[PDB]
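Q: Can you read through this structure? Questions will come right after.
Methodologically, a virtual Cβ is constructed for each residue, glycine included, from the backbone with ideal geometry; neighbour enumeration extends over all protein chains shown. FYI, it's all coordinate maths here, none of it is from the lab.
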Amino acid sequence: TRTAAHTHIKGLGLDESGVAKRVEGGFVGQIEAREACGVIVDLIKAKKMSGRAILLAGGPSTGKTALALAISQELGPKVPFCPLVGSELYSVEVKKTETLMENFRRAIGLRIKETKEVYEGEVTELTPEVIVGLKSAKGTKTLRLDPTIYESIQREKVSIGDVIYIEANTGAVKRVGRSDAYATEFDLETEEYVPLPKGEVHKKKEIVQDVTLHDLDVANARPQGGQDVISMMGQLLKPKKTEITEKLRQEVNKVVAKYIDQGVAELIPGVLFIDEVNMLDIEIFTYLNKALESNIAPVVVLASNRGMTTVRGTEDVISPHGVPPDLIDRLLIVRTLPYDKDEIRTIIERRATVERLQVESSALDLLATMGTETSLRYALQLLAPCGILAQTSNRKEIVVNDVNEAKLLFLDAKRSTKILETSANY
Amino acid sequence: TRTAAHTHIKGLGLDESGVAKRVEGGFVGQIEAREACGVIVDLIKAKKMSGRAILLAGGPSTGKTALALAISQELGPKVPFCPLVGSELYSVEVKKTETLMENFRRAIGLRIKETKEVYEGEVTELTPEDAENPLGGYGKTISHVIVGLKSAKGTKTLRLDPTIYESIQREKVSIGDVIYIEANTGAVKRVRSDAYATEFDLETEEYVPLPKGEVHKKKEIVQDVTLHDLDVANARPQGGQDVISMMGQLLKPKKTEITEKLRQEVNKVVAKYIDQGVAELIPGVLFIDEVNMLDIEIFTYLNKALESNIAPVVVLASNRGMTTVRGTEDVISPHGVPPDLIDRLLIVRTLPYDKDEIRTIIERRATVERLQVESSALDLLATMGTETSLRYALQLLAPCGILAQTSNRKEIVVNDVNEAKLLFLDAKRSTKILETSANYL
Amino acid sequence: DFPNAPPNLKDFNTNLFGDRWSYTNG
Amino acid sequence: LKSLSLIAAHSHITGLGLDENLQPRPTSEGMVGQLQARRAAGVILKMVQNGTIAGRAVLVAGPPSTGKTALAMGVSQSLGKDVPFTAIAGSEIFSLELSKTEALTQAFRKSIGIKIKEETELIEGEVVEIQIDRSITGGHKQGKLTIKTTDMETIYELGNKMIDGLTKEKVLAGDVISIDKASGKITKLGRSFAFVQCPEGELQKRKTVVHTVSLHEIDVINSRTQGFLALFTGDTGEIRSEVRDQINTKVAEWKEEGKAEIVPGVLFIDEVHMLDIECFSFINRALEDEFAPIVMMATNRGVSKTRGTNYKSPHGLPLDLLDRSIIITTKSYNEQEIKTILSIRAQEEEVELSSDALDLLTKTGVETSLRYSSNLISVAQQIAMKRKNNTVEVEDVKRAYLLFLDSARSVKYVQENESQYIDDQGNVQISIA
Amino acid sequence: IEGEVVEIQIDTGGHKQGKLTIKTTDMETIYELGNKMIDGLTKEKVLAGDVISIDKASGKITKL
Ligand SMILES: Nc1ncnc2c1ncn2[C@@H]1O[C@H](COP(=O)(O)OP(=O)(O)O)[C@@H](O)[C@H]1O
Ligand SMILES: Nc1ncnc2c1ncn2[C@@H]1O[C@H](COP(=O)(O)OP(=O)(O)O)[C@@H](O)[C@H]1O
Ligand SMILES: Nc1ncnc2c1ncn2[C@@H]1O[C@H](COP(=O)(O)OP(=O)(O)O)[C@@H](O)[C@H]1O
Ligand SMILES: [Mg+2]
Ligand SMILES: [Mg+2]
Ligand SMILES: [Mg+2]
C-alpha cells in the first residue's frame, strides 16, 4: 500500500444526532469544527441552497485541509468535488475570472440517461452509393451510411471478412478484426482473428452516464470530434483555450433545464474547495464576491492560516485572514483550535498504526514530548526514518535509540534557524 | 575591403612554449592576458574538460572583446564559436532559460566524415542475360544484367544482380544519357548529356558533360553540424501534403521549449554513431560580452547549466566594479556577477595602456586603413588619445583622411587633425558644453 | 508466353526514347 | 552503452558509498567526508527504494561549495537507472506559455514511472528459400518462403502485407531474419554468407518486453489528438484537470488488477531559494497527494528575502513549507578533506601531481575556495604539458596561480583602481591624463 | 526566346510530327520538338497565334 499524509482520515465520524465522538473515523478532538462541517454537509445534501460560502480559519497543523477532505469523502463519489489552490487561478492564455468561472461550472454535476444503438458483425459487401451488408452469427441486415462514416471506414482499411463495430449515436467506427472463418489463408498471417459476434446485428442499450456542466459547455465551446479528417483539422486549427461568452452558458442552462424537466436527468450540486485563499488578489476577490450572488453557484469552502494581514494587490488594506471585509460579510467562519499533549500522542499512534509500524510506549512518549516541543508535523514525519533505522539494525520495534539517532540526523525549523543565525558564511 | 574596429587582429601573436611577443598578430602589450588566453586555447584543443568558465575583466577600451575574437581566430573556423551579448537572452517568444540552453547547445559541434563508392558515367549499353531457371519452369530466366559505362579516359562493363531492374524502371534511365550508381546499397540515380544536347532542335531536359576520369570512384565527404541543428530538425516536421505540414505552414511556427526527451534521444544516437568511428565531437566556445545585463535568474540557471556533462567552454566579458546585480537591490558584487557564480569561474585581469602603446596602436590602425601619417601629426594624435581617449583617436583617423583628400593632398598633417578636433568633439567637451548651457541642451 | 521479346526489356526499350519517339524511330 | 559525456564537475562520484548497515566509509565511491549527510542521504534513498511513503520533502542546507549538489548526484547515481530522477533549477519554473502551477505539476508528474509488461512471439532463423510472384497489372501477389533452424526447417506461404513488408527491406537467401507475428516487423540480424552463426533451437520462441513511460507522458498523450507531438516539441498548454483526475484512477485500476507496476522517483530542485510565494503554496498543497514523489530541495541562503514578498525568512523559504520539511545540514571541510578532494579530482582527469604541488594546492584551496584549486589543476596540467614534461610541479602551479586571478585579488584590485571601472552610478574615467 | 506567333504543325502515333514555326520582325525559323517539349506544350495550350516566351534553360514556357 501507499500512504501520503492522509488516508488515515475516513470521515467526520459523526453519529445520527450529529454529536461528534471524541475519537472516530481517524479523528481526535476538533469537536466543534466537525459538527459545523457535518451541518454544512447536510446543507449541501439538501440540494436547495446555492452560493453558500464558509471558510475555516486556524493556525497551521490544525486540520483544515483534513476537514475539507473529510467533507468530500463523506459526501460520496456521486457528488462532484473540485479542489483547488489560490495560485491556480493565474493562468496564461485566459483571464483569472474566466478560470474561476470554469471551476465554478466544473463544481456541479448532472446525471443523465441515454440510449445507444450499436451494429456489429462481419462485412459481406461494400458498394459505393455507402451500402454495408452486415451479418452477425444469427442475423443479416443491410445498412445505408453517410459519406463521413464511409470515409472513416476507408481510413480503417476494412475489407470483406472483417468483423467491425459501428455506433449509431456518434458515428464511431472500429474494425474489430478479421473473422475466424478465414483462419487458414497464410501460415504466418499477421492479422488476428475474432469469432463472429453473438446476437442480432442491431442492439440498443440504456446507460446512466454522469457529466458536469463545464463538460457539456466545452463540448460545444470547442470540439474533440474523432475519426473524420475534417473534424481533426478543425480541432487542430485552434489549439488554445479561450474565454466563454455568457450566451453559451445561458443556452447550456436552457438545454439542461429542458432535459431535467423532461424527466430524463437530475442535477447534483457539488463543492468547490480553495486552499490558501490568501494568495488571491483584490480583483479575484471582487469577482468572486459578484459571482457568489448567482442562481447556479455551488457551495464554496475556503481555507486560510493568517492573522490581520494586508490583502494582496492592495497597499494598506488590512483585514483578518487576508480576506476583504465585503467578502467576509457574506461568509460563515469556522474556528479551528490547536492540540494538546495527549491528542498529539494519539495522532502519532494512529499514524504509526496506519504505516504498519511498531512503536514502544517509551518511544511514543518521547515522540509526543518532541512534537509538543517542536511541532506536530515534524514528529509525524520523523516516523519513517526511525522505522528504517530500526530495520537496519535488524529489528521491528522503534526504540529510544532510534528516535535519538533520527534527532541527530535530521533537524527541525528551530534548530536550523539557530544554526543559520550563528554562522559566518551564508 | 571593409574594416570595422577589427580585422587587424590575427591571432594572439603567441609562440612555442606559450610566450607572447610584444608586437605580433596586430597585438601590442597585454602579455599576461594573451598568455592566459593561449593556455585556454590549448585547453580547448585538448577536448577533454567540460563546462570550464573564465571571465575576463577590465576597464573600457582595454581590448576585452579583441582577446575573445583573437582566441576564436586562433581556434580556427572548424570549431564552433557562438558570440552573444547579454541583452539577447530576453526573447518575447520563449523564456530566457530555454534561449540560454539553445545557445549553450549551439556551441557543441559534430563532424560526420564517411566514404562512398560510385560508378558514374554515360551508359554504353544495357542488356539482361538469359540463363537456365534455377527451378522447374518454361520461360526466360535472367541471372545477371550487363551495363557498360564510358567516361573520360575510362570504360568498363559490369554484371549486376537482376533484381535491381526496377531501379532502372523507376528512374527512366533510357540509354546513353547519364547514370550514377552507388556500389553496395544498390539502386540507381539518373543525374541528358552534351553528346546529344545539340542533336535535338530544342528540349527541356538538362545535359551534363562526360564524367572525368575512371568510372569507379572513391569519394570522402565531410560535414559539420551543431547539436542545436539536430534538435531543431528532430522537433520540426517535414514533408508535403500531410496535415501537420499544413498546420506548420499556416501557424508561423515560433520557437518552442524543446523537451529534454528529444535532447536525450539525440545524445544517445550521436553517442552510438561516434562509437562506430564515423562521427567526431568538437566542443566549441560560447562568448558572452556585457554579462552585467544578465538577470539573476539567468545567473542561477547558468550555475546549474555549467555542471552538465555536455557543456561547452563559456567565456564572459564585463567592465563593472562594485555594482548591484540586476534583478536585486541588496547584493553588491564585483563585475556585477553574483559571488556564487564568481566562485565557479577563473578571473583574467586586463590592464590599461601607456602613451607609447597608444601611439603604436594608432600607427597600426592608420596603416590598416590605407592612410599615410608622419610623426609630426602622429605625436599629436597620441597626445589626443592620452588626453581624450584611445577610441576617440582611433575614430578621428578617417575624417582626417577625408579632409586631406578634399584638399587634394595625400598625407595627414597637423592642420587636418586640428580641423577634425574643431569639427567633431569627444564626450568630455560635450558634457562641458551641456553643463554651461541652460537652453534644454 | 512472351508477346514481344522480353517484356521487361520491351518496356525498357519503350522508355529508352518514348512512345512517340518509338513510333517515329522508323 | 555509455551515453555522451565529458569530464563534468561531479563525474568522479558514483553512489553514496555506504556499508551494508548504512555506515558511511571515510572515502569510497568518490565521496569523502560528510558522514552525517551521507548517512541521511542513504536513509532517504532507502525511503525511496521502499516505495511506500509518498510526498516527503527533505531540504539540504549549507554554505556554498559544501557538497549538497554532490550529495544529490550521489543519491541519483546510487539509485541507478529505471527509477525516475528529475533534476531542475529554481528558475526553470517561470515560463511564457505555462503557468507556474502547471509547470510545477508537470515536473512533479515527470518523476513517476509506469511499467507495462507484454508477451511477444517471434520466429527467428536463416532464410533458406523465397519465391515471389507479381502479377503485372494485377492487384494480388503470391508469396512463399522456406525458413530453417539447426533443428527445424519449414515452409510458409504469405498473404498480402507480408510480401510488401518483406520487400521494403531486401530479404535474400543469405540473411538471418526474425519476425513478430503480432506486428509483422522485419529485423535483420546479419548475413550468414555470400559473419553471424546460424540460429539454433526451435523455429519459434516467446519473450517479454517492458514499456516504461512517465506519468506526465500518459497525461500529455490523452490531452489532445496532437498532444503526442508535444512529447517532443514541448508545446502543450495547461492540460485540463479532469484529464489528470481520470488518468490517476485509470493507473490505480491498472496497478490493482496487475497489468502494470508503478515506480516512484525523486524530484530534485536546485537553487530553490528563488521561487515565488505562489509556487511555495502550491508545493505545500501538492506534497500531500498520494501520487507525489520524494522532493529534495537544495539551498545555500541564510535569513534572506523570499521572492514575491517583503519579509525575510530563513533559507529564503516561508515557515509554512519549512514546517512540513526535513532538514539535512552540511558542514565545512577540513584541510585533509580538501587535500583528498583535490587528489581524487586530479585522479579523475588523469593528471599526475607532485606531493609538494598537491600540498600547495591544498594550501591555496584552504585560503581561497576549494573550487579555485580544483579548476587550477587542469590549467596547471596544460602549462606542464606545454613545457613538454608530463608532471605538474610547483612552478606550473605558481604560474597558473599568478596568471589566473582569484575573487579576493580581483576585488582588491577593483577597490584600489575604482576610477578605472564603471561604478554603480555610471561614472567612469577612461582618459589616462 | 520571344515572339511565338507559331501556327503549330502537329498531326506513327501518339501526337507525332513535332514541329512548330517561330516568327518575328527580322527572324523566322522552324523548330522541331521533343517528347518532353510537346508534353509541356499540351498543358497551357497555345492557340498558335499568341506571342509566347520560352527559355533554353530546360525550364517552363511562359505565356505572354
Ligand atoms: N483530528 C485529527 N486527527 C488526526 N490527524 C490530524 C487531525 N487534525 C490534523 N491532523 C493532521 O495534521 C496535518 C495537518 O493538517 P492539514 O489540514 O493538511 O494542514 P493544516 O492543519 O496546517 O491546515 C495533517 O497531515 C493531518 O493528518
Ligand atoms: N593590444 C591591442 N591590439 C590591437 N588593438 C587593440 C588592443 N587593445 C585594444 N585595441 C583596440 O580596442 C578596441 C577594443 O575595445 P574593447 O577593450 O574590446 O572595449 P570593451 O572592453 O568595452 O569591449 C578594438 O577596436 C581594438 O582595435
Ligand atoms: N564529499 C564530496 N566528495 C567529492 N566531491 C565533493 C564533495 N563535496 C564537495 N565536492 C565538490 O565540490 C564542488 C562543489 O559542489 P557542491 O558543494 O555539491 O555544490 P554547491 O557549491 O552548490 O554546494 C563539486 O564540484 C564537488 O565535486
Ligand atoms: Mg493545511
Ligand atoms: Mg566589447
Ligand atoms: Mg550546487
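Q: Go through segment A:127-210 and tell me which strands (runs of 3 or more DSSP E), entirely inside it, have 3 or more residues that are over 39 Å from the mean Cα position of the chain (by Cα).
A: Fully inside segment A:127-210 and qualifying: A:131-135, A:140-144.
Q: Give D:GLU416, D:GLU349 a once-over and let me know the one that is closer than 28 Å to D:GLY33 by Cβ and surrounded by fewer than 19 Cβ atoms within 10 Å (Cβ to Cβ). Step through it out loud before you land on a result.
A: Details: D:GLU416 fails: closer than 28 Å to D:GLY33 by Cβ.
Just one listed residue meets the conditions, D:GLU349.
Q: Another one. Could you check segment A:103-144 and list, in sequence order, the residues that are of a type outside the set (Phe, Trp, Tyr), closer than 22 Å to A:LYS78 by Cβ and surrounded by 16 or more Cβ atoms within 10 Å (Cβ to Cβ)?
A: A:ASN103, A:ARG105, A:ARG106, A:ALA107, A:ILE108, A:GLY109, A:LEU110, A:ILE112
Q: Only residues that are among the β-branched types (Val, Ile, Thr), outside any loop (DSSP other than H, G, I, E, B) and out of contact with any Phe, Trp or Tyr (no Cβ under 7 Å at 6 or more places or on another chain): list them for segment E:7-40, please. Quick ask: steps written out before the conclusion?
A: Going through segment E:7-40, the residues among the β-branched types (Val, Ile, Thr) turn out to be E:8, E:10, E:12, E:21-22, E:24-25, E:29-30, E:38.
Keeping just the survivors that are outside any loop (DSSP other than H, G, I, E, B) gives E:21-22, E:29-30, E:38.
E:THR21, E:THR29, E:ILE30, E:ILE38 - these are the residues of segment E:7-40 that are among the β-branched types (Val, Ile, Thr), outside any loop (DSSP other than H, G, I, E, B) and out of contact with any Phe, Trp or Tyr (no Cβ under 7 Å at 6 or more places or on another chain).
Q: Could you tell me whether D:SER99 is of a type outside the set (A, V, I, L, M, F, W, C), away from ligand 6 (no atom under 16 Å from the Cβ) and within 12 Å of another protein chain (Cβ to nearest Cβ)?
A: Details: of a type outside the set (A, V, I, L, M, F, W, C): yes; away from ligand 6 (no atom under 16 Å from the Cβ): yes; within 12 Å of another protein chain (Cβ to nearest Cβ): yes.
Yes, satisfied.
Q: Filter segment D:283-326 for residues that are in contact with a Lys or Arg (Cβ under 8 Å, 6 or more places away or on another chain) and of a type in the set (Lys, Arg) and give the result.
A: D:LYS305, D:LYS312, D:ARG324
Q: Pairs needed: first member in segment B:301-329, closer than 23 Å to D:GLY308 by Cα; second member anywhere, in a strand (DSSP E or B) and within 13 Å of ligand 3 (Cβ to nearest atom); C-beta distance under 7 Å; at least 6 residues apart or different chains.
A: Listed pairs, sorted by first residue: B:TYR301/D:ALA89; B:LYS304/D:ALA89; B:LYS304/D:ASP270.
Q: Does A:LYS47 satisfy the condition of being touching a strand residue (DSSP E or B) at 6+ places or on another chain (Cβ under 9 Å) and either more than 14 Å from chain D (Cβ to nearest Cβ) or within 16 Å of ligand 4 (Cβ to nearest atom) (or both)? Even if it seems obvious, please write down each step before you answer.
A: Values: touching a strand residue (DSSP E or B) at 6+ places or on another chain (Cβ under 9 Å): yes; either more than 14 Å from chain D (Cβ to nearest Cβ) or within 16 Å of ligand 4 (Cβ to nearest atom) (or both): yes.
So A:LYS47 passes the test.
Q: When you go through (1) out of contact with any strand residue (DSSP E or B) (no Cβ under 8 Å at 6 or more places or on another chain); (2) more than 14 Å from chain E (Cβ to nearest Cβ); (3) of a type in the set (A, V, I, L, M) one by one for B:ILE112, which number turns out not to apply?
A: For B:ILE112, the exception is condition (1).
Q: Taking only pairs six or more apart or across chains, which ones have beta-carbon atoms under 8 Å, a first residue in segment A:226-238 that is within 13 Å of B:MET246 (Cβ to Cβ), and a second residue that is basic (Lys, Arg)?
A: Matching pairs, first to second residue: A:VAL229/A:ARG155.
Q: Something else: Anything in segment E:20-64 that is of a type in the set (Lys, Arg) and away from chain B (no Cβ under 13 Å)? List them, or say none. Walk me through how you get there before you give the answer.
A: So the first thing to find is which residues in segment E:20-64 are of a type in the set (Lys, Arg), and the list is E:23, E:36, E:43, E:45, E:56, E:60, E:63.
Of everything in segment E:20-64, those that are of a type in the set (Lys, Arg) and away from chain B (no Cβ under 13 Å) turn out to be E:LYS23, E:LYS45, E:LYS63.
Q: Mind checking which pairs have a first residue in segment B:9-31 that is within 18 Å of B:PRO352 (Cβ to Cβ) and a second that is basic (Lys, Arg) and crowded, with 19+ Cβ neighbours inside 10 Å, Cβ under 7 Å, 6 or more apart or different chains?
A: B:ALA20/B:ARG34; B:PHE27/B:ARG34
Q: Looking only at segment A:6-33, filter to residues that are touching a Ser or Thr at 6+ places or on another chain (Cβ under 9 Å) and in a loop (DSSP other than H, G, I, E, B); which one of those is nearest to ligand 3 (Cβ to nearest atom)?
A: A:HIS6
Q: Over 30 Å from D:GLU20 (Cα atoms), more than 10 Å from chain D (Cβ to nearest Cβ) and more than 16 Å from ligand 6 (Cβ to nearest atom): which single residue out of A:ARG377, A:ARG345, A:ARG415, A:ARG395 fits that description?
A: Values: A:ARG377 fails: more than 10 Å from chain D (Cβ to nearest Cβ); A:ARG415 fails: more than 10 Å from chain D (Cβ to nearest Cβ); A:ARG395 fails: over 30 Å from D:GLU20 (Cα atoms).
Selected residue: A:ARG345, the only one of A:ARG377, A:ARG345, A:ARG415, A:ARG395 that is over 30 Å from D:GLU20 (Cα atoms), more than 10 Å from chain D (Cβ to nearest Cβ) and more than 16 Å from ligand 6 (Cβ to nearest atom).
Q: Mind listing whichever residues of segment D:350-399 are assigned to a loop (DSSP other than H, G, I, E, B) and either under 22 Å from B:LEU345 (Cβ atoms) or in contact with a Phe, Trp or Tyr (Cβ under 7 Å, 6 or more places away or on another chain) (or both)? Give the derivation first.
A: To start, the set of residues in segment D:350-399 that are assigned to a loop (DSSP other than H, G, I, E, B) comprises D:350-352, D:354, D:368-369, D:387-391, D:393.
Residues satisfying the conditions are D:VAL351, D:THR368, D:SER369.
Q: If you don't mind, there's one more thing I want to ask. Do you know which residues across segment A:178-192 are touching an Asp or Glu at 6+ places or on another chain (Cβ under 7 Å) and either within 19 Å of A:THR115 (Cβ to Cβ) or surrounded by 15 or more Cβ atoms within 10 Å (Cβ to Cβ) (or both)?
A: Keep residues of segment A:178-192 that are touching an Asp or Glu at 6+ places or on another chain (Cβ under 7 Å), which gives A:178-179, A:186-187.
Hits for segment A:178-192 are A:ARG178, A:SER179, A:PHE186.
Q: Something else about it: Quick one: in segment D:402-433, which of the residues that are of a type in the set (A, V, I, L, M) and more than 8 Å from every other protein chain (Cβ to nearest Cβ) is nearest to D:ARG371 (Cα to Cα)?
A: Quick first cut of segment D:402-433, residues of a type in the set (A, V, I, L, M) only: D:402-403, D:405, D:408, D:411, D:414, D:422, D:428, D:430, D:432-433.
Restricting the remaining residues to those that are more than 8 Å from every other protein chain (Cβ to nearest Cβ) gives D:402, D:408.
Details: D:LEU402: 16, D:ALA408: 14 Å.
Of everything passing the filter in segment D:402-433, D:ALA408 is nearest to D:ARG371 (Cα to Cα).
Q: Looking only at segment A:222-250, how many residues end up being assigned to a helix (DSSP H, G or I), closer than 29 Å to A:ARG52 by Cβ and out of contact with any helix residue (DSSP H, G or I) (no Cβ under 8 Å at 6 or more places or on another chain)? Outline the logic, then answer.
A: Initially, segment A:222-250 is screened for residues assigned to a helix (DSSP H, G or I), giving A:229-237, A:246-250.
Within this subset, residues satisfying the condition of being closer than 29 Å to A:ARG52 by Cβ are A:246-250.
With out of contact with any helix residue (DSSP H, G or I) (no Cβ under 8 Å at 6 or more places or on another chain) added as a condition, the list becomes A:246-247, A:250.
The total comes to 3.
Q: Here's something else I'd like to know. Which residues, counting only those in segment D:114-161, are more than 48 Å from the chain's Cα centre (by Cα) and of a type in the set (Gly, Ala, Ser)?
A: Listed by number, the residues that qualify are D:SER135, D:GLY138, D:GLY139, D:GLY143.
Q: Could you check, for segment A:361-370, whether at least one of its residues is within 13 Å of another protein chain (Cβ to nearest Cβ) and either in contact with a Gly (Cβ under 8 Å, 6 or more places away or on another chain) or under 18 Å from A:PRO60 (Cα atoms) (or both)? Don't jump to the end; show me each part of the working.
A: First pass over segment A:361-370, keeping only residues within 13 Å of another protein chain (Cβ to nearest Cβ): none.
Within segment A:361-370, none of the residues are within 13 Å of another protein chain (Cβ to nearest Cβ) and either in contact with a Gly (Cβ under 8 Å, 6 or more places away or on another chain) or under 18 Å from A:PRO60 (Cα atoms) (or both).
Q: Please find, among D:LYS110, D:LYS170, D:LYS115, D:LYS161, the residue that is exposed (fewer than 15 other Cβ atoms within 10 Å of the Cβ) and either within 16 Å of ligand 4 (Cβ to nearest atom) or closer than 30 Å to D:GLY42 by Cα (or both).
A: Only one candidate passes the filter, namely D:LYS115.
Q: Ok, one more. Out of everything in segment D:287-316 that is of a type in the set (D, E, K, R) and either within 10 Å of chain A (Cβ to nearest Cβ) or in contact with a helix residue (DSSP H, G or I) (Cβ under 7 Å, 6 or more places away or on another chain) (or both), what residue ends up being surrounded by the most Cβ atoms within 10 Å (Cβ to Cβ)?
A: Just the residues of segment D:287-316 that are of a type in the set (D, E, K, R), to begin with: D:288-290, D:301, D:305, D:307, D:312.
Still in the list and also either within 10 Å of chain A (Cβ to nearest Cβ) or in contact with a helix residue (DSSP H, G or I) (Cβ under 7 Å, 6 or more places away or on another chain) (or both): D:288-290, D:301.
On the way: D:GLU288: 17, D:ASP289: 15, D:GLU290: 14, D:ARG301: 22.
The selected residue is D:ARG301.
Q: Also, I was wondering about something else. When you check B:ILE298 against the structure, is it in contact with a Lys or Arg (Cβ under 8 Å, 6 or more places away or on another chain), surrounded by 20 or more Cβ atoms within 10 Å (Cβ to Cβ) and within 26 Å of D:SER11 (Cβ to Cβ), yes or no? Lay out the reasoning, then the answer.
A: Working: in contact with a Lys or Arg (Cβ under 8 Å, 6 or more places away or on another chain): yes; surrounded by 20 or more Cβ atoms within 10 Å (Cβ to Cβ): yes; within 26 Å of D:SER11 (Cβ to Cβ): yes.
When the stated conditions are applied, B:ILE298 passes them.
Q: Residues that are under 24 Å from D:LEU35 (Cα atoms) and under 34 Å from the mean Cα position of the chain (by Cα): which helices (runs of 4 or more DSSP H) entirely in segment A:312-426 hold 1 or more of them?
A: Details: elements: A:325-329, A:341-354, A:361-373, A:376-381, A:383-392, A:400-409, A:413-421.
Where helices (runs of 4 or more DSSP H) fall fully within segment A:312-426 and carry at least 1 residues being under 24 Å from D:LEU35 (Cα atoms) and under 34 Å from the mean Cα position of the chain (by Cα), they are A:376-381, A:383-392, A:413-421.
Q: Sticking with this structure for a sec: With the requirement that a residue be within 11 Å of chain A (Cβ to nearest Cβ), of a type in the set (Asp, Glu) and within 16 Å of ligand 6 (Cβ to nearest atom), what does segment D:233-286 give you?
A: None - no residue of segment D:233-286 is within 11 Å of chain A (Cβ to nearest Cβ), of a type in the set (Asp, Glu) and within 16 Å of ligand 6 (Cβ to nearest atom), so the list stays empty.
Q: With the condition kept exactly as written, say whether any residue in segment A:75-87 is within 14 Å of another protein chain (Cβ to nearest Cβ), more than 28 Å from D:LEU321 (Cβ to Cβ) and buried (at least 16 other Cβ atoms within 10 Å of the Cβ). Talk me through it step by step, then tell me what you get.
A: As a first pass, look at segment A:75-87 and keep what is within 14 Å of another protein chain (Cβ to nearest Cβ): A:77, A:80-87.
Right, trim to more than 28 Å from D:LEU321 (Cβ to Cβ) and you get A:77, A:80.
Applying the additional criterion that residues be buried (at least 16 other Cβ atoms within 10 Å of the Cβ) yields A:80.
Yes - at least one qualifying residue is present in segment A:75-87.
Q: On to the next question. If you go through segment B:9-41, how many residues are at the interface with another protein chain (Cβ under 9 Å from one of its Cβ atoms), β-branched (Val, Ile, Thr) and out of contact with any strand residue (DSSP E or B) (no Cβ under 8 Å at 6 or more places or on another chain)?
A: Number of matching residues: 1.
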